[PDB]
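Below is one structure, written out as structure tokens; the observations come after it.
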Amino acid sequence: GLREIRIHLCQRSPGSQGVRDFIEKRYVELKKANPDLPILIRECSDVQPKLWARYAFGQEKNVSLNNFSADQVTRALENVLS
Amino acid sequence: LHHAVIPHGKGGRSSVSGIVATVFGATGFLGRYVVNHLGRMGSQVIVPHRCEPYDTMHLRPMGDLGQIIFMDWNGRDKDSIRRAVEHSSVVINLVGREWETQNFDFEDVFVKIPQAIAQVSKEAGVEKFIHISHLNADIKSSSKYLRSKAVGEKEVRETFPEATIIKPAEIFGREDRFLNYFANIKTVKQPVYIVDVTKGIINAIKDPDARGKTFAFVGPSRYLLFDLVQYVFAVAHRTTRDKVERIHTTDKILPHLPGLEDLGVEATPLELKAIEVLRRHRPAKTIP
Amino acid sequence: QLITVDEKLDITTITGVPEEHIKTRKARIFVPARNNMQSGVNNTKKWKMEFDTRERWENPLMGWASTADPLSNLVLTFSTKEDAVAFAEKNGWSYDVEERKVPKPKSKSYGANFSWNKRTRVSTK
Amino acid sequence: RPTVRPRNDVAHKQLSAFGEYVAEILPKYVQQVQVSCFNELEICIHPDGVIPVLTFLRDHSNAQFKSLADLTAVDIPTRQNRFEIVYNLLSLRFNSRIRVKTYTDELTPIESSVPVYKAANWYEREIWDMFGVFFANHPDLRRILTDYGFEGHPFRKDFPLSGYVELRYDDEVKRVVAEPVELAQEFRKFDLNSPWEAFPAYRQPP
Amino acid sequence: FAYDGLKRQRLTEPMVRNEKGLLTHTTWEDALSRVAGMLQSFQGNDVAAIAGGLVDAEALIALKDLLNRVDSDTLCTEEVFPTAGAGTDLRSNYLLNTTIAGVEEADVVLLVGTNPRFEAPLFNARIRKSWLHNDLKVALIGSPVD
Amino acid sequence: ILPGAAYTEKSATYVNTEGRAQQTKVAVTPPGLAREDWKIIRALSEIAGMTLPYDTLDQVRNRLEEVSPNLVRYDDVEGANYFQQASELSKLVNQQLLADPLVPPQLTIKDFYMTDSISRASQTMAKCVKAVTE
Amino acid sequence: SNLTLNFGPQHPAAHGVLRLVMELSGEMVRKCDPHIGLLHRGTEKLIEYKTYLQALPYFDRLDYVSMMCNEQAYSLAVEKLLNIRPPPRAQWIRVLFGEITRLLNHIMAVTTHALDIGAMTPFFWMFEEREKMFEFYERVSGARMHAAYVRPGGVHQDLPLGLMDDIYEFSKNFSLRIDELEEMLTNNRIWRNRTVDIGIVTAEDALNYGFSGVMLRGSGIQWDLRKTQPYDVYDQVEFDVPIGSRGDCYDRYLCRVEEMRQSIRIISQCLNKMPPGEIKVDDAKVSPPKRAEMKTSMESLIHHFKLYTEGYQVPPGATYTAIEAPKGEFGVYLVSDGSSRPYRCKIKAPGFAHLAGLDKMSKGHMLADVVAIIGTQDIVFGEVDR
Amino acid sequence: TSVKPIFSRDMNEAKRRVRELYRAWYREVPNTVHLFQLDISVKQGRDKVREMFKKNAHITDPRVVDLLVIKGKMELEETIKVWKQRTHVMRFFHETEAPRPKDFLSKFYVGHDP
Amino acid sequence: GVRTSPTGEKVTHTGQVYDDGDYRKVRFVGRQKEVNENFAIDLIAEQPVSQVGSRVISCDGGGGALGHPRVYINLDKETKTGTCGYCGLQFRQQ
Ligand SMILES: NC(=O)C1=CN([C@@H]2O[C@H](COP(=O)(O)OP(=O)(O)OC[C@H]3O[C@@H](n4cnc5c(N)ncnc54)[C@H](OP(=O)(O)O)[C@@H]3O)[C@@H](O)[C@H]2O)C=CC1
Ligand SMILES: [Zn+2]
């Protein structure tokens, strides 16, 4: 089972623009759909954007989102949630 | 733990091991290795001695400043025993003699004295007690030495039930009376190295499991006595009635008792250390 | 005649330092903070390199502070941050650099003590 | 002025003139020439110039620095070449002293000056022992001051004062043994420098 | 001046309960073995942790990782922050986003339910610095503290 | 009870109210048998058969980075955004404001001196409390 | 065949221990390889952790037969970097005790040289004279040997009343003691057989091998730093420099005996020309104030406090300062980085270069001659090893 | 990246000296065990030589290798000429040093050191 | 003002004494614990307060240059004596 989602991105780098666009538009809808799923958004300067998923018993996977579009981010989350 | 005896440092000369040990019989063959190992790691060592202070001088460099404390004591004076063990957390009894004297017989050194030490140690609240017996202790031995070793082994357990009794085979080393004994002049022997015996004693202090147990410290291989004596003469490039009786007792096999392996010590082969002992005097097949 | 060496400079194997005091130490590269008890700034000019603090214990005999750390008193001085970092790198020490803290320039005006309408007016001299 | 050391401008002028003299004759090697306020002349040279410069100062008729007073090294870790090699020479003919300095790092050898001054033999062994500077073509380069098997070069600024190992006699092995150093009382480091500048004349630019 | 508290009431030894129900000194081996035996017997919501106010991040992640390995996510703190809405999803929801130095640039400050003089003395001193030199306007909702 | 280290006795990361990560340094070692806090949990994890994948201060800090990269950007204030998104989510569930007036826990100086385990154990803080009450 | 000499003789000897590895062919010595470092105590590194005052006692313990002369060399180097000047009375005291120290060294050098060659008796006669000179040390400093008396800025304390009279009474009789020593050795045919034409060194070689002091003058080189590069008040006293002609052990022995006579001649002038005044520089940022001032004046107390905790700062710079020590040129290459602790202190021990020349000087000689050659160099391993 | 060589102009030249020094040390061990009357065997001595060589096997700077060989030759000369004593030879084996803990748990129990 | 703890070990003027379970008191067995009996805190308390006329007095510990640095003591407060910070002598304005 899924336990936690973390999204890392940079505040200014173009590589995180797609992730930035996703949080601007899709994040609120996402939070409403999954009210009890911690989706930790953590911005830090000059990091390549990443998606971390934590499953039961501390199993974790990470997916890169560098240069992704807002939809490619949406699909990446759709894959993780299901 | 009292704050003063919490271990500190890196296990060296200036460190604090947390061990406060009274070593009766420290001025002998086994005692000099035990004191050295205790001093190597910064233990407080109380050394009650019967001999002239001149004969304790080799022990002085073994500890940092203040870590070796010397005291006078008498085997038959219990007040002197109490003063020595009053502040210790472990008492190690290495008292013994390979012959009898006018003032002290085998019953004195192997029964009356060990019992007195164990009793005063218990009355003083000492937590740990290490007693050296002998592998071939038996109340049916032709040797009065080995008979007394058995009786004293029983009295120590009765007086100090939590005592750790160690039963080594004949010990060989630079200052032994085994390889040196043969180099100066049926039965199966399993001699054990002095450093292995010393390491096992040190490990019995640090090991809470060793409390209340009896150990048998023996070497790796068993040698027919004849083969052993021939080997010694080869490496060397070449007494009392009781001592002869002991030397001709076959080393008892006691598989029920724990050994050096249980205390994390690897028994040293005789062939590796034979030259070390016998070099100053200038391979036996084992029994599988 | 010269030769060509493209290796990164490393002298760990020819300094005689035990491995324990190369690989497990953490060097700190910094400009020491001004001692707040004094106004002088002359001790905040150079870069410093210290090592991680290790155990000290009380000597049983005297109560003196004993140590087993051979680097406990080692402090090195450097003109620039780059000099310090270069020295740490060739010696194989893992290091942390902290940026120099420079007092921010202030705006001072004795006249502001007597302001007609501002709170900077002092009530005592 | 009773408490102030008097100046000697005559010697300052003489040494300055001779400093230019040496620089004019050895421009291939000389990088800097300075005369201290207490009248000591230093010639800073490229390390390739050790033998030519020393030979010139020994044999030239206007120099004749026949006596090597001292040869030593200084460790300055902040410099790319941390080691400064210092030759202190004396001329009995002209009753004068000169100092010649060059530099090296841990891996760059310096030419042995034993051919110029036989006195250099042991001085260079000591520099090798205490600082780890290698001297090329030295007849017999090896430690001279430290114990046999000693590791490291104790006079380097990054070598700890008490070292890494210490000795004691061990009864079990019946010999002197070497073990990691532990001190009953750690050496107490003192921070002595006043936070106030002492000598304005030596202030460095910000 | 509170550093002298570090010299009193210190925990220096592992302790466990004995037969009488009293804490008694023991070794790291014994104390950790006792805790390990329980951690291997419980799972999920049967294991929880509360983090105090002086805990460090390295300990915080270590404890979270350990409890996650028995599928427990009840990692709590004593200090409450409302989880409604985004909760701790967005850092800006629980940070002083203006920064301490940013007080010196503000022209109005509204303090809601707090006594920064005692909650954050050095932050309150930054407000007074701006109140003094910038003529900052400060308003408070809550008890009329000083 | 597992004796841990105090803030003067470890190299540990703390994030202040503005989100800036800073680290302490070891000034003295922990007293007695006390140990570094993260090392206790790492030691516990191994004995329990759930060994954590980091054995050093640097490695556990690499782990901190995996969970929140800002936690290893020492002395930096990253800056967080998306106030609108947070505001849009706080308007969903409508919680009611209680009638109690806002009273801070600390009204006077006497409440300032003791607030945590260290200051509660401090004899100087006890003298300050006694001074401002008598 | 290969042979190793013993660490030291079987009677009390204070030169230190030496491991001499030798190659022999019959009686003749073919190679000498001194193995030193047996008294290496990292003095030069320890000094870097001391203030300038704290490092001064280390110089007593270098050539520990010439204590105050080593103190003078270090004091002069620091005074030069400090750009200050010790007062005239201190300079005369430093020359006076510098020559008393030369007598102490030359007695030890000559008599232990004789003692190792088998002439035991003069050592006993002349060490009674050394014992009386130890009393002069003790009366000015409170210590018989490591006085720590000469310091940058001057001397620590003024001479006690009555000391100069006692130095005069001692000096009045000393030349007779030298004469008795010369009666035993100078014309003795056994002594001459052990020293004449032994360890010859040419003037050219002596210079290139870094020799100094008597090791140069024995070969005819006319050089003495007290004459050519005078320091303190040596330019104000009259004395002659003894010069050898054969460059061998016997001539060097004669040079040392005559230098003792010249030291008495200098001491005589010092006793008569001693001026009045203060004995340390009247600059309380370098030299601590008087105790009465320290206990009365605010400025004095501060400067006393700072001089004994931080110590005085020395302007940045490097100096090579040398003196004519009893064993030869003794110098310090002292580097100041501007603080109150020296950055680097290299010590130039005259015996270092002299011992490095043992192999050269012993060529073509027999084993027993090696003992004579070591003696003629006058080697103390505190200064060799540092 | 233009530097003055010590002895070898490249790694291949440097590795020749390393092998020559290993040969000299390898042949010396039996004499050392006899001369110093060591209680260790010749195999133990040669294993020690291999371990010391192996620990520097990762170097890629010919100048650093030259210095290592220079120092190794100095060490050999001390041993052959018997300038060393028995204690100096045996210092390679650390016989009186108790084994120091390697794994995390062992270190955790005994102190604070990593 | 020496006093013996319940175990019989004297307490020093600095308050030191090994507690009951401290092994370190084994060093005194067969020997003795060196304790100075002249407690300075008790000895300075026996000195009488000196009555003086002025508001300000100076103390140098006595003996001129053999005492301590000379300091000046304000005696305005009437609730307490002026105490020398070096030697502990007390003064009072009469
Ligand atoms: N060595 C072996 O092969 C074996 C030894 N053991 C046991 O190990 C212990 C010591 O071995 P080892 O050290 O070789 O024996 P040692 O004889 O070498 O040492 C004997 C010790 O006992 C002391 N001692 C002897 N008689 C008396 C006495 N009457 N009163 C007081 N002290 C006395 C001696 O003190 P002093 O120096 O004053 O005489 C000495 O310190 C003994 O108990 C022995 O039985 C057991 C099995 C084998
Ligand atoms: Zn007073």
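Residue numbering restarts at 1 for every chain of the structure tokens, chains are lettered A, B, ... in their displayed order, and ligands are numbered from 1 as they appear.
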Protein and nucleic acid residues within 6 Å of ligand 1 (only C-alpha atoms and all ligand atoms) as a VMD selection string: chain B and resid 25 to 31 50 to 51 75 94 to 97 104 109 132 to 134 168 to 171
Include C-alpha atoms and write out the residues we just selected as a JSON list (two decimals), in the first residue's frame.
```json
[["chain", "number", "residue", "atom", "x", "y", "z"],
["B", 25, "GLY", "CA", 49.00, -14.52, 43.61],
["B", 26, "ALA", "CA", 49.93, -11.72, 41.21],
["B", 27, "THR", "CA", 53.70, -12.10, 41.69],
["B", 28, "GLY", "CA", 53.79, -15.53, 40.03],
["B", 29, "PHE", "CA", 53.90, -16.96, 36.53],
["B", 30, "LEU", "CA", 50.21, -16.52, 35.74],
["B", 31, "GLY", "CA", 49.80, -13.32, 37.74],
["B", 50, "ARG", "CA", 53.63, -11.70, 50.59],
["B", 51, "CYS", "CA", 57.10, -11.19, 49.11],
["B", 75, "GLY", "CA", 47.22, -15.96, 53.88],
["B", 94, "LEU", "CA", 46.03, -17.22, 41.52],
["B", 95, "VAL", "CA", 47.59, -18.39, 44.79],
["B", 96, "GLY", "CA", 49.35, -21.73, 44.58],
["B", 97, "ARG", "CA", 52.61, -23.58, 44.93],
["B", 104, "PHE", "CA", 52.34, -24.02, 54.07],
["B", 109, "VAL", "CA", 47.41, -22.98, 49.61],
["B", 132, "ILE", "CA", 41.98, -21.07, 39.20],
["B", 133, "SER", "CA", 41.72, -24.81, 39.88],
["B", 134, "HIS", "CA", 43.24, -27.55, 37.68],
["B", 168, "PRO", "CA", 43.55, -25.11, 32.93],
["B", 169, "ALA", "CA", 45.78, -27.87, 31.70],
["B", 170, "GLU", "CA", 49.50, -27.49, 32.33],
["B", 171, "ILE", "CA", 50.46, -24.04, 31.05]]
```
May I have the residues of chain G within 6 Å of chain I, counting only C-alpha atoms, written as a ChimeraX atom specification? /G:292,295-296
What does the file look like for those residues with N, CA, C and O atoms, as a PDB file, in the first residue's frame?
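Contents of result14.pdb, freshly written:
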```
ATOM      1  N   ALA G 292      57.194  46.214  42.655  1.00  0.00           N
ATOM      2  CA  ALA G 292      56.596  47.314  43.402  1.00  0.00           C
ATOM      3  C   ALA G 292      55.709  48.165  42.504  1.00  0.00           C
ATOM      4  O   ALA G 292      54.633  48.604  42.921  1.00  0.00           O
ATOM      5  N   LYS G 295      52.388  46.446  41.677  1.00  0.00           N
ATOM      6  CA  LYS G 295      51.457  46.434  42.792  1.00  0.00           C
ATOM      7  C   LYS G 295      50.953  47.821  43.159  1.00  0.00           C
ATOM      8  O   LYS G 295      50.253  47.961  44.161  1.00  0.00           O
ATOM      9  N   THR G 296      51.279  48.833  42.381  1.00  0.00           N
ATOM     10  CA  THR G 296      50.884  50.200  42.694  1.00  0.00           C
ATOM     11  C   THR G 296      50.272  50.935  41.512  1.00  0.00           C
ATOM     12  O   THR G 296      49.345  51.719  41.705  1.00  0.00           O
TER      13      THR G 296
END
```
Neighbours of ligand 2 within 7 Å, counting only C-alpha atoms and all ligand atoms, as a CSV table (one decimal) with N, CA, C and O atoms, in the first residue's frame?
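Full text of out-v3.csv as output:
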```csv
chain,number,residue,atom,x,y,z
I,59,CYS,N,43.7,49.1,50.7
I,59,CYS,CA,44.4,48.0,51.3
I,59,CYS,C,45.4,47.4,50.3
I,59,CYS,O,45.1,47.4,49.1
I,60,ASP,N,46.6,47.1,50.8
I,60,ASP,CA,47.6,46.4,50.0
I,60,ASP,C,48.0,45.1,50.6
I,60,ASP,O,49.0,44.6,50.2
I,61,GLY,N,47.3,44.6,51.6
I,61,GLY,CA,47.5,43.4,52.2
I,61,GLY,C,48.6,43.5,53.3
I,61,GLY,O,48.9,42.4,53.9
I,68,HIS,N,49.6,42.6,48.2
I,68,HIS,CA,48.9,42.5,47.0
I,68,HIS,C,48.8,43.9,46.3
I,68,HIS,O,49.1,44.9,47.0
I,84,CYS,N,38.2,43.5,51.3
I,84,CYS,CA,39.3,43.5,50.3
I,84,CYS,C,39.2,42.3,49.4
I,84,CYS,O,39.0,41.2,49.8
I,85,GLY,N,39.2,42.5,48.1
I,85,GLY,CA,39.0,41.5,47.1
I,85,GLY,C,40.2,40.6,47.0
I,85,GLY,O,40.2,39.5,46.3
I,86,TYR,N,41.4,41.0,47.6
I,86,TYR,CA,42.6,40.2,47.5
I,86,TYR,C,42.8,39.3,48.8
I,86,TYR,O,43.0,38.1,48.7
I,87,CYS,N,42.7,40.0,50.0
I,87,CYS,CA,43.1,39.4,51.2
I,87,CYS,C,41.9,39.1,52.2
I,87,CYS,O,42.1,38.5,53.2
I,88,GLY,N,40.7,39.7,51.9
I,88,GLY,CA,39.6,39.4,52.7
I,88,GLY,C,39.5,40.2,53.9
I,88,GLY,O,38.5,39.9,54.7
I,89,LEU,N,40.3,41.2,54.2
I,89,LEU,CA,40.2,42.0,55.4
I,89,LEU,C,39.0,42.9,55.2
I,89,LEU,O,38.7,43.4,54.1
```
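Counting from CA of residue 384 in chain G, the distance to CA of residue 213 in chain G is 15.6 Å.
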Taking only C-alpha atoms into account, report as an mmCIF file with N, CA, C and O atoms, in the first residue's frame which residues of chain C lie within 6 Å of chain D.
```
data_model
loop_
_atom_site.group_PDB
_atom_site.id
_atom_site.type_symbol
_atom_site.label_atom_id
_atom_site.label_comp_id
_atom_site.auth_asym_id
_atom_site.auth_seq_id
_atom_site.Cartn_x
_atom_site.Cartn_y
_atom_site.Cartn_z
ATOM 1 N N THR C 15 52.017 10.706 3.933
ATOM 2 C CA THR C 15 52.047 11.612 5.075
ATOM 3 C C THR C 15 52.269 10.898 6.400
ATOM 4 O O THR C 15 52.591 11.558 7.389
ATOM 5 N N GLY C 16 52.108 9.580 6.443
ATOM 6 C CA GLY C 16 52.308 8.837 7.669
ATOM 7 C C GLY C 16 51.159 8.887 8.648
ATOM 8 O O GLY C 16 51.298 8.369 9.759
ATOM 9 N N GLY C 40 37.709 44.170 19.259
ATOM 10 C CA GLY C 40 38.752 44.007 18.262
ATOM 11 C C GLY C 40 38.373 42.960 17.233
ATOM 12 O O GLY C 40 37.734 41.956 17.547
ATOM 13 N N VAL C 41 38.783 43.191 15.986
ATOM 14 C CA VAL C 41 38.448 42.303 14.883
ATOM 15 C C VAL C 41 39.676 41.626 14.295
ATOM 16 O O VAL C 41 39.572 40.949 13.277
ATOM 17 N N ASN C 42 40.841 41.784 14.919
ATOM 18 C CA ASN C 42 42.070 41.283 14.319
ATOM 19 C C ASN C 42 42.137 39.763 14.288
ATOM 20 O O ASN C 42 42.946 39.211 13.540
ATOM 21 N N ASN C 43 41.317 39.074 15.071
ATOM 22 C CA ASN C 43 41.307 37.620 15.065
ATOM 23 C C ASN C 43 40.310 37.039 14.073
ATOM 24 O O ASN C 43 40.175 35.816 14.005
ATOM 25 N N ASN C 59 41.178 11.713 34.246
ATOM 26 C CA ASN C 59 42.245 10.823 34.668
ATOM 27 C C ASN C 59 41.941 10.302 36.071
ATOM 28 O O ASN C 59 41.713 11.103 36.984
ATOM 29 N N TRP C 64 42.689 14.931 35.810
ATOM 30 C CA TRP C 64 43.058 15.682 34.624
ATOM 31 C C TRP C 64 42.277 15.184 33.414
ATOM 32 O O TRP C 64 41.798 14.052 33.375
ATOM 33 N N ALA C 65 42.163 16.046 32.409
ATOM 34 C CA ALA C 65 41.427 15.713 31.195
ATOM 35 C C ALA C 65 42.330 14.923 30.258
ATOM 36 O O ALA C 65 43.297 15.461 29.715
ATOM 37 N N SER C 66 42.014 13.649 30.071
ATOM 38 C CA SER C 66 42.771 12.769 29.197
ATOM 39 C C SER C 66 42.145 12.736 27.811
ATOM 40 O O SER C 66 40.963 13.024 27.629
ATOM 41 N N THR C 67 42.956 12.369 26.827
ATOM 42 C CA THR C 67 42.478 12.268 25.460
ATOM 43 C C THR C 67 43.228 11.154 24.754
ATOM 44 O O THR C 67 44.333 10.773 25.145
ATOM 45 N N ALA C 68 42.597 10.624 23.712
ATOM 46 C CA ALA C 68 43.227 9.690 22.793
ATOM 47 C C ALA C 68 43.252 10.236 21.375
ATOM 48 O O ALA C 68 43.664 9.526 20.454
ATOM 49 N N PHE C 78 45.004 29.677 7.111
ATOM 50 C CA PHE C 78 45.064 29.828 5.666
ATOM 51 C C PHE C 78 44.667 31.243 5.275
ATOM 52 O O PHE C 78 43.847 31.880 5.936
ATOM 53 N N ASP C 83 42.759 28.081 -0.379
ATOM 54 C CA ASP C 83 43.962 27.463 0.164
ATOM 55 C C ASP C 83 43.613 26.384 1.179
ATOM 56 O O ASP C 83 44.196 25.296 1.164
#
```
Name the residues in contact with residue 87 in chain H at a cut-off of 9 Å, using only C-alpha atoms, excluding same-chain residues fewer than 5 positions from it; report them as a ChimeraX atom specification. /D:175-178
Quick one: which residues from chain G are at most 12 Å off chain C, using only C-alpha atoms, as a PyMOL selection string? chain G and resi 49+337-339+343
Can you write out the residues you just picked, keeping C-alpha atoms, as a tab-separated table (two decimals), in the first residue's frame?
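Below you can see part-v3.tsv, which holds the result:
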```tsv
chain	number	residue	atom	x	y	z
G	49	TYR	CA	53.63	26.29	20.97
G	337	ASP	CA	54.53	35.95	12.08
G	338	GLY	CA	53.53	39.05	14.07
G	339	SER	CA	52.05	37.24	17.07
G	343	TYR	CA	56.35	30.73	13.80
```
Could you go through chain D and tell me which residues DSSP, when run on the backbone, assigns to helix (DSSP H, G or I), listing them as an NGL selection string? :D and (9-25 or 47-59 or 120-131 or 200-202)
For residue 3 in chain I, find every residue with an atom within 10 Å (counting only C-alpha atoms), except residues of its own chain fewer than 6 positions away, and show them as JSON, numbers by chain. {"I": [9, 10, 11, 12, 13, 15, 37]}
Please return, as a count of residues only, all residues of chain I lying within 9 Å of chain B when only C-alpha atoms are considered. 9
